[PDB]
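Here the structure is laid out as structure tokens; the discussion comes afterwards.
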Amino acid sequence: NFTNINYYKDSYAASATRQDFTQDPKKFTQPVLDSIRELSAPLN
Amino acid sequence: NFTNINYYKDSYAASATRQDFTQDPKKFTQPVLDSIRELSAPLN
Amino acid sequence: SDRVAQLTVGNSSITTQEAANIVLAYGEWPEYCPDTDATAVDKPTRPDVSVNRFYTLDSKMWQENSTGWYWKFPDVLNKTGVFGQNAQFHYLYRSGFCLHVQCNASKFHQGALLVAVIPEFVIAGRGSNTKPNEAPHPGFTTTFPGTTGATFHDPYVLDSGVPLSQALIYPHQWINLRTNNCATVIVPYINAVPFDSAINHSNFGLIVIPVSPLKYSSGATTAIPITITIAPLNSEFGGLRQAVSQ
Amino acid sequence: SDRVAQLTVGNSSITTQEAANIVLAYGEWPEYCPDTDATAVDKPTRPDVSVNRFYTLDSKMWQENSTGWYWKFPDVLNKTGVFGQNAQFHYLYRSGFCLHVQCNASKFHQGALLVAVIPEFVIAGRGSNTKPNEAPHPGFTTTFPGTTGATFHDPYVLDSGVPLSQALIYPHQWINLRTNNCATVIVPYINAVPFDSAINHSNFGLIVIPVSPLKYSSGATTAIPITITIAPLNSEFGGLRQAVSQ
Amino acid sequence: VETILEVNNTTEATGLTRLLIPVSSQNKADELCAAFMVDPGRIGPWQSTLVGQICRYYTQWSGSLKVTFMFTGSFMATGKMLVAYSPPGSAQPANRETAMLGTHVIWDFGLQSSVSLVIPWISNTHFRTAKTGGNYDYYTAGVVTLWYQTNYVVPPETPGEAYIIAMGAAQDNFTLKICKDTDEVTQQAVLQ
Amino acid sequence: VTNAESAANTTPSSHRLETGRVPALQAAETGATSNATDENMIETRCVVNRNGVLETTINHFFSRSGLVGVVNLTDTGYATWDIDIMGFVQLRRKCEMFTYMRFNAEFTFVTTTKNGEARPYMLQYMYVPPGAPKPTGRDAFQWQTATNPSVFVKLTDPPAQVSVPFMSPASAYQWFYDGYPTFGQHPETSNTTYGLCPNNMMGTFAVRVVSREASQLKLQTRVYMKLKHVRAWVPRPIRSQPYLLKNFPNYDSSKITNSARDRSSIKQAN
Amino acid sequence: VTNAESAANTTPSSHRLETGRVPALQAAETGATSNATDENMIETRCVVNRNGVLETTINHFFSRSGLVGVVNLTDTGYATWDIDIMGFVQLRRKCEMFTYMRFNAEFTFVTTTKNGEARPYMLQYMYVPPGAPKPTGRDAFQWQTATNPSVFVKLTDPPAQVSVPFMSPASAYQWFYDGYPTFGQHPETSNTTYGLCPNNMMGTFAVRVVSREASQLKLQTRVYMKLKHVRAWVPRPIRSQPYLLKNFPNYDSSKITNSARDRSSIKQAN
Ligand SMILES: CCCCCCCCCCCCC/C=C/[C@H](O)[C@H](N)CO
Ligand SMILES: CCCCCCCCCCCCC/C=C/[C@H](O)[C@H](N)CO
């Protein structure tokens, strides 16, 4: 499926480049310093 | 990025050829004969 | 081993006997500016002792029918200490912060607070006027309150047209008067430019809205204060010139 | 290769086309305080860019019948720049200096100046009174002149009972209006204690006494100024607290 | 390449005494000689140089600048100057103690009759739009001032009035982005 | 950092009868989202999930065209439009979901007539960067476009389309700016410059009909912007109040619209 | 000769306290630019510069189209245009920045009507080299173009575009010629031939409407030239005075426009 092909020297005129599935939910859901387990009481 | 491709025998009908970064500022900024250092007095 | 804590930064220390955690904002530590992201040529200064310490502001009374308070973070400290002198003589500023909001109460008081940081917390002007030149705008002592803070008029919309209910997408904590008494956030330097002035642009802002208002019985302590202590972690300045107040 | 020179310190540079040398005071360089000689426990601050640069004072007219001028060295810079803020907020101070006194004149003027540094240059009170409580003492704007300097009343005794003839045991130079126009001294930190305040104690003092007074013919330039530029080499401060002017 | 600035572009300067900074002898100390803005895409002295006509073709510039002062005077006339660059903030300084708080240089008229003050790249953003005025005072570069450091001393039988020729150029890290058209050329009808 | 498609599958679980292991009791006072999952609460089965999450990235969410501005040309002879995409509340809210954004663009120009038609005339679209002189007439010298990028297209042509790079002096576009652009004495009554980021002023977009006399038509060109190669930072809540101004987040003091519709009681789901 | 992109980065520097090493004292009397750099004057830090200088070559600076001439056709039946690009002050000043230039060209032909429209007629563009006979009518025999290059294009077509090589008898195009084309007794009063380089006369450009009777329209064709494969030599200062003539650098004796706007005093930056 040739779609990435460009026709100019400027790289900002191309299509939607490689789709990387990067996902780091640990920075919005668990930002606390001390790593808490999920099978124990949060505050001992 | 195929752009250099021509379609005639005449070479003056092509696109903007290879971009060479040639730069010699030493002929407009320091044209004197005796090479002067930059950490000494010009006229000893 | 999780509720007691001590936070020594500089010649100041903070002791507490019941906290919950220390939320790290966006899971990142306050760092120094690398040589890759830097753009200014002049060498920056780093006091590293006199500016990285806990500055304590005045106390805010927590009345039963309170609405909330908000402070700008590089602007609360411009006349206090060596940090204000450094952020008045220089022109560029980059640092992270280290928050701590204390509100102690007995085991017979109830209530809660939502403390959070809001990057680029822009104050909206209140009033129905869809005309560019006739619209109302907030004053200078409302956008930049200073060290005495500023109260909310409509805490339900954060005075910016944004719901408070979904204001938990920000680095935040709670002060539940039955579990903890202190909320602390370690926020890094969040900006679109590597360096920025500490007099025209306020990076972010703390908000403390009292949800589930304070309640108690007769005979208990009525005066319930609220104290916050800031620490400018990893401060560095650049562009030394004449001192400008504002 | 000996008369032209350039002295780049910080974001300031000094160019000259005819000097004689650069006397190094007591053959030593301004260093940082080692861990052996240090006594304070708190970590010192080091701006290293904003305070180590050439500060230029106002110009002094050189009249024909002039007597001389003198300045205290950690006291001329307490309201100017980031160095004054650092030496007002902090309590301890240690640095060396880098002197430069310029006085240019044509090839038809004659005269000379003696520029020197005097460690612990104590100003004496003039007057014959051998009674402890009735004796005269110099004012505060005479012991610590500030950035506007102070003139001598008797330059022959350096206003301290000490002959000027044998004042060549001090790091010094001459400004002979036929040979050079600039005298520069690089003085290290000379004191009996490792650190000292920069508001109560003035380490040393420059003196510029015009020996062989200025002479010229009619039609020449009459206004002959005298400009001095200081550079606080290797400045470090300690003991951050509230700012005190004096 | 160095190129003479029009620092004397004030009124009452006739045709060619607009390139000269007059120097003479003073009576009060700490006097001031001249002052001009740094912005090369701005109306003023930089409009007459070669870097301020090339940075007017482009709507963005970056890097350090360079100002070279040459003293055209008698051989027997000595003196010293304090040329000082000041990053943005307040207005032009009023005293020499305020001016010496920036990045100055102490230049003395000797055998070498030319000094060069490099203007460092002290900015927040990577680039600066070469169009100041209005809401574009966020891209100002500062003020260069030249002060009567000590005095202009002259012997008898010698003129007590000289001139300094200011020149300006770019540096090694100078660069430009996004071409445009200058505002100089005006044309009503075709050139027949 | 984990990189995977589909969706996290579940695992088989049994009942737990023991003390000290409590996955359900969380503590929201720590500012952390609860981490209790399906398997630990209830007895579950094993499933292999194949429900692709490719359509939920911030690069498929923004890579959709959308009206940014409309330009009415009467034929003064010309018409201008200061480029600012915060004028229509459909693409403004998705961009204001985030604080900082870095992206390329792709504008599409759709020009129609008063009643709606396409007469075979010629149009010139010219982009005026900040600092370039705006045209003062329909036959001025600014239209010579010796350096400004211009597009010559007819009404009977397909809609024009160009690609625009990241043209900001900062490292990203910020929509919310908590500060002033300049120094000085700021007033208490009318702060007409608070929250005005100078890194977003991109210039002026001008349009004229290429002719010599005056063409008797009232046109209307719509600018459709599409985002691509977009990166986003520092998410923030989505606005619930109706918009009033264009460059300011002003809302209405009275008649604040609640973020949830009303029901009869709190013990009645429906 | 050094070849590199980006920009020269800076290096860390410390303070210098010594005699004999003076990087600041230059000497402009030698006709050389000063070589003092950042590191030697002030204490600096280390930075890695990435600010690309690709857009500052003389091949990206000139490779931009631009109006060179306009040809009014009344329909005499035909219209001619002597090829000389020094008629509009926008592309004339960039080319007069240099003394010698060697380049290829690319002309674009944009033809409109009186009020501005595109009627489906036919146009013939014919290039007449120096020596070829110019056409004397709209139905003459010169239009048979048995050897001259011609373009047949309609008004409803896209604008025509051809490529033109370096067609000069010398090795480069010179804009300034300090001499006379011929020998003989040159006059003192009216030197109407001084500064006239014969190596730049390229011929005549003619245009007609291909028909038999007379078409009742007043057209106007604009020639947009773009330079490419351009080499430049011997740079020279850019002109500050307003242009008066087309082939001559004449200016105005009185009311000479200063190259810098006036201010109040010399001790007031603003
Ligand atoms: C005539 C054809 C080319 C037209 C060029 C127009 C595009 C130039 C402007 C770039 C737009 C960048 C995207 C929006 C930028 C800022 O976020 C807006 N000012 C938002 O206020
Ligand atoms: C009808 C289609 C072909 C049209 C051919 C026209 C191009 C032929 C002329 C070549 C132009 C070369 C560029 C300009 C040359 C000289 O510099 C000018 N005379 C400047 O005065």
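All residue names refer to the structure tokens as shown: chains lettered A, B, ... in order, residues numbered from 1 in each chain, ligands numbered from 1 in order.
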Give as a PyMOL selection string every residue of chain D that touches chain G within 8 Å, counting only C-alpha atoms.
-> chain D and resi 1-17+21-22+49
Within 6 Å of ligand 2, counting only C-alpha atoms and all ligand atoms: which residues, as number ranges by chain?
-> G: 83-86, 125-127, 150-151, 164, 173, 200-202
Select residues of chain A: the criterion is any atom within 12 Å of an atom of chain B, counting only C-alpha atoms; output as a PDB file with C-alpha atoms, in the first residue's frame.
```
ATOM      1  CA  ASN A   4       4.109   7.128   2.471  1.00  0.00           C
ATOM      2  CA  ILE A   5       5.673   8.180  -0.866  1.00  0.00           C
ATOM      3  CA  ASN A   6       6.378  11.915  -0.970  1.00  0.00           C
ATOM      4  CA  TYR A   7       7.105  14.076  -4.000  1.00  0.00           C
ATOM      5  CA  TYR A   8       8.988  17.057  -2.526  1.00  0.00           C
ATOM      6  CA  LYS A   9      12.063  17.725  -0.427  1.00  0.00           C
ATOM      7  CA  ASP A  10       9.936  19.137   2.408  1.00  0.00           C
ATOM      8  CA  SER A  11       8.999  16.299   4.761  1.00  0.00           C
ATOM      9  CA  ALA A  13       3.942  17.614   3.073  1.00  0.00           C
ATOM     10  CA  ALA A  14       3.639  13.825   3.386  1.00  0.00           C
TER      11      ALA A  14
END
```
At a cut-off of 10 Å, which residues of chain B touch chain E? Count only C-alpha atoms and give the answer as a PDB file with N, CA and C atoms, in the first residue's frame.
```
ATOM      1  N   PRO B  25      33.676  32.482   3.439  1.00  0.00           N
ATOM      2  CA  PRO B  25      33.615  33.869   3.922  1.00  0.00           C
ATOM      3  C   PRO B  25      34.975  34.524   4.100  1.00  0.00           C
ATOM      4  N   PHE B  28      35.689  37.734   1.633  1.00  0.00           N
ATOM      5  CA  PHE B  28      35.028  39.015   1.833  1.00  0.00           C
ATOM      6  C   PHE B  28      35.320  39.638   3.187  1.00  0.00           C
ATOM      7  N   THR B  29      35.630  38.826   4.199  1.00  0.00           N
ATOM      8  CA  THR B  29      35.855  39.329   5.548  1.00  0.00           C
ATOM      9  C   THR B  29      37.328  39.549   5.870  1.00  0.00           C
ATOM     10  N   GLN B  30      38.222  38.699   5.365  1.00  0.00           N
ATOM     11  CA  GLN B  30      39.659  38.817   5.624  1.00  0.00           C
ATOM     12  C   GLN B  30      40.421  38.660   4.318  1.00  0.00           C
ATOM     13  N   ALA B  41      47.559  42.034  18.429  1.00  0.00           N
ATOM     14  CA  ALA B  41      47.315  43.348  17.856  1.00  0.00           C
ATOM     15  C   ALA B  41      47.491  43.290  16.343  1.00  0.00           C
ATOM     16  N   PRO B  42      46.561  43.851  15.567  1.00  0.00           N
ATOM     17  CA  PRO B  42      46.714  43.827  14.101  1.00  0.00           C
ATOM     18  C   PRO B  42      48.027  44.415  13.610  1.00  0.00           C
ATOM     19  N   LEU B  43      48.374  45.616  14.057  1.00  0.00           N
ATOM     20  CA  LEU B  43      49.592  46.304  13.636  1.00  0.00           C
ATOM     21  C   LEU B  43      50.578  46.260  14.796  1.00  0.00           C
ATOM     22  N   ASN B  44      51.541  45.347  14.714  1.00  0.00           N
ATOM     23  CA  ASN B  44      52.546  45.176  15.757  1.00  0.00           C
ATOM     24  C   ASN B  44      53.380  46.438  15.980  1.00  0.00           C
TER      25      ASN B  44
END
```
Counting only C-alpha atoms, what is within 6 Å of region 89-92 of chain C, bar same-chain residues fewer than 5 positions away, as a PyMOL selection string?
-> chain C and resi 195-197+237-243
Need to verify the contact set: region 147-156 of chain E, 7 Å, only C-alpha atoms, exclusion of same-chain residues closer than 4 positions in sequence. Can you return it as a compact mmCIF listing (two decimals) with N, CA and C atoms, in the first residue's frame?
```txt
# COMPACT_ATOMS: atom_id res chain seq x y z
N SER D 59 33.07 59.29 36.74
CA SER D 59 34.37 59.87 36.42
C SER D 59 34.71 61.00 37.39
N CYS D 103 43.27 56.93 32.61
CA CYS D 103 43.43 58.38 32.55
C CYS D 103 44.23 58.70 31.29
N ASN D 104 43.53 59.00 30.20
CA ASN D 104 44.18 59.28 28.92
C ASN D 104 44.43 60.77 28.76
N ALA D 105 45.57 61.10 28.16
CA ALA D 105 45.91 62.48 27.87
C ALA D 105 46.79 62.52 26.63
N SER D 106 46.87 63.70 26.01
CA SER D 106 47.60 63.86 24.77
C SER D 106 49.10 63.83 25.04
N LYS D 107 49.90 64.00 23.99
CA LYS D 107 51.35 64.01 24.10
C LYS D 107 51.90 65.39 24.44
N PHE D 108 51.04 66.33 24.82
CA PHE D 108 51.45 67.66 25.23
C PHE D 108 50.99 67.98 26.65
N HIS D 109 50.47 67.00 27.37
CA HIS D 109 50.15 67.11 28.79
C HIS D 109 51.20 66.34 29.58
N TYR D 216 49.79 71.89 31.25
CA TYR D 216 49.61 71.97 29.81
C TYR D 216 49.69 73.43 29.38
N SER D 217 49.70 73.64 28.08
CA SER D 217 49.70 74.97 27.49
C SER D 217 48.28 75.39 27.12
N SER D 218 48.14 76.66 26.75
CA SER D 218 46.84 77.17 26.34
C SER D 218 46.43 76.57 25.00
N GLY D 219 45.13 76.30 24.86
CA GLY D 219 44.59 75.69 23.66
C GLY D 219 44.39 74.19 23.75
N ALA D 220 44.90 73.55 24.79
CA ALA D 220 44.73 72.12 24.97
C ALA D 220 43.42 71.83 25.71
N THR D 221 43.13 70.54 25.86
CA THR D 221 41.92 70.11 26.55
C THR D 221 42.09 70.26 28.05
N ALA D 223 39.41 69.63 30.49
CA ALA D 223 38.67 68.61 31.23
C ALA D 223 39.35 67.27 31.04
N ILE D 224 40.06 66.81 32.07
CA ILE D 224 40.77 65.53 32.05
C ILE D 224 40.14 64.60 33.08
N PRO D 225 39.29 63.67 32.67
CA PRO D 225 38.59 62.82 33.63
C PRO D 225 39.46 61.64 34.08
N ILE D 226 38.95 60.91 35.07
CA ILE D 226 39.60 59.72 35.61
C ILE D 226 38.52 58.69 35.90
N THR D 227 38.60 57.54 35.24
CA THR D 227 37.58 56.50 35.34
C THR D 227 38.22 55.20 35.83
N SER E 24 34.03 65.23 22.00
CA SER E 24 34.73 66.44 22.43
C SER E 24 35.04 66.31 23.92
N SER E 25 35.47 67.40 24.54
CA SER E 25 35.83 67.41 25.95
C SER E 25 34.66 67.94 26.77
N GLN E 26 34.46 67.35 27.94
CA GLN E 26 33.31 67.64 28.78
C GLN E 26 33.75 68.45 30.01
N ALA E 29 31.47 64.76 34.75
CA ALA E 29 31.91 63.39 34.54
C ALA E 29 30.72 62.47 34.25
N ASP E 30 31.03 61.25 33.81
CA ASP E 30 30.06 60.19 33.56
C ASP E 30 29.11 60.51 32.41
N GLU E 31 29.49 61.43 31.52
CA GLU E 31 28.61 61.86 30.44
C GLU E 31 28.29 60.71 29.48
N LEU E 32 27.33 60.96 28.60
CA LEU E 32 26.90 60.02 27.58
C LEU E 32 27.22 60.58 26.20
N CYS E 33 27.57 59.69 25.27
CA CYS E 33 27.94 60.07 23.92
C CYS E 33 26.85 59.77 22.91
N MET E 76 47.44 62.77 19.02
CA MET E 76 47.78 63.18 20.37
C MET E 76 46.58 63.20 21.31
N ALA E 77 45.39 62.87 20.82
CA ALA E 77 44.17 62.91 21.62
C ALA E 77 43.89 61.52 22.19
N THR E 78 44.01 61.39 23.51
CA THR E 78 43.71 60.15 24.19
C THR E 78 42.28 60.18 24.74
N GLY E 79 41.89 59.12 25.42
CA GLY E 79 40.57 59.05 26.02
C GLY E 79 40.13 57.61 26.20
N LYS E 80 39.00 57.45 26.87
CA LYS E 80 38.41 56.15 27.12
C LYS E 80 36.90 56.23 26.97
N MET E 81 36.29 55.12 26.58
CA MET E 81 34.85 55.02 26.42
C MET E 81 34.34 53.74 27.07
N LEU E 82 33.07 53.74 27.43
CA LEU E 82 32.40 52.57 27.99
C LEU E 82 31.17 52.30 27.12
N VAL E 83 31.35 51.47 26.09
CA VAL E 83 30.23 51.03 25.27
C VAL E 83 29.61 49.81 25.93
N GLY E 160 39.80 70.13 19.46
CA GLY E 160 39.13 69.45 20.55
C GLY E 160 37.78 68.89 20.15
```
What are the coordinates of chain B as a PDB file with C-alpha atoms, in the first residue's frame following a least-squares fit to chain A on all in-order C-alpha atoms?
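Below is the file result-v8.pdb, written as the result:
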```pdb
ATOM      1  CA  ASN B   1       0.000   0.000   0.000  1.00  0.00           C
ATOM      2  CA  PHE B   2       2.181   2.835  -1.274  1.00  0.00           C
ATOM      3  CA  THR B   3       1.006   5.909   0.642  1.00  0.00           C
ATOM      4  CA  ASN B   4       4.109   7.128   2.471  1.00  0.00           C
ATOM      5  CA  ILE B   5       5.672   8.180  -0.865  1.00  0.00           C
ATOM      6  CA  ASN B   6       6.378  11.915  -0.969  1.00  0.00           C
ATOM      7  CA  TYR B   7       7.104  14.076  -3.999  1.00  0.00           C
ATOM      8  CA  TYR B   8       8.987  17.056  -2.525  1.00  0.00           C
ATOM      9  CA  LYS B   9      12.062  17.725  -0.426  1.00  0.00           C
ATOM     10  CA  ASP B  10       9.936  19.136   2.408  1.00  0.00           C
ATOM     11  CA  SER B  11       8.999  16.299   4.761  1.00  0.00           C
ATOM     12  CA  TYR B  12       5.996  18.131   6.261  1.00  0.00           C
ATOM     13  CA  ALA B  13       3.942  17.614   3.074  1.00  0.00           C
ATOM     14  CA  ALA B  14       3.639  13.825   3.386  1.00  0.00           C
ATOM     15  CA  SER B  15       0.821  11.605   4.649  1.00  0.00           C
ATOM     16  CA  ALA B  16       0.265  10.253   8.175  1.00  0.00           C
ATOM     17  CA  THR B  17       3.561   8.566   9.039  1.00  0.00           C
ATOM     18  CA  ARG B  18       4.166   5.315  10.939  1.00  0.00           C
ATOM     19  CA  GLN B  19       1.538   4.578  13.596  1.00  0.00           C
ATOM     20  CA  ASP B  20       3.367   3.797  16.841  1.00  0.00           C
ATOM     21  CA  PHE B  21       1.254   2.342  19.658  1.00  0.00           C
ATOM     22  CA  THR B  22       3.030   4.180  22.466  1.00  0.00           C
ATOM     23  CA  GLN B  23       1.035   4.261  25.708  1.00  0.00           C
ATOM     24  CA  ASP B  24       2.231   5.154  29.227  1.00  0.00           C
ATOM     25  CA  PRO B  25      -0.838   5.324  31.504  1.00  0.00           C
ATOM     26  CA  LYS B  26       1.338   5.021  34.637  1.00  0.00           C
ATOM     27  CA  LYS B  27       2.030   8.788  34.633  1.00  0.00           C
ATOM     28  CA  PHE B  28      -1.613   9.926  34.831  1.00  0.00           C
ATOM     29  CA  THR B  29      -3.122   7.094  36.902  1.00  0.00           C
ATOM     30  CA  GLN B  30      -0.338   6.300  39.423  1.00  0.00           C
ATOM     31  CA  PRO B  31       1.967   9.322  39.806  1.00  0.00           C
ATOM     32  CA  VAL B  32       2.776   8.786  43.502  1.00  0.00           C
ATOM     33  CA  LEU B  33       6.399   8.340  44.571  1.00  0.00           C
ATOM     34  CA  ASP B  34       6.131   5.188  46.694  1.00  0.00           C
ATOM     35  CA  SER B  35       4.955   2.351  44.457  1.00  0.00           C
ATOM     36  CA  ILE B  36       1.754   0.926  45.951  1.00  0.00           C
ATOM     37  CA  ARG B  37       0.717  -2.671  45.406  1.00  0.00           C
ATOM     38  CA  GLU B  38      -2.837  -3.466  44.323  1.00  0.00           C
ATOM     39  CA  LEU B  39      -3.373  -6.352  46.773  1.00  0.00           C
ATOM     40  CA  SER B  40      -2.569  -4.413  49.961  1.00  0.00           C
ATOM     41  CA  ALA B  41      -3.896  -1.460  51.908  1.00  0.00           C
ATOM     42  CA  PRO B  42      -2.645   1.858  50.454  1.00  0.00           C
ATOM     43  CA  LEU B  43      -1.822   3.401  53.856  1.00  0.00           C
ATOM     44  CA  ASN B  44      -0.316   0.718  56.097  1.00  0.00           C
TER      45      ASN B  44
END
```
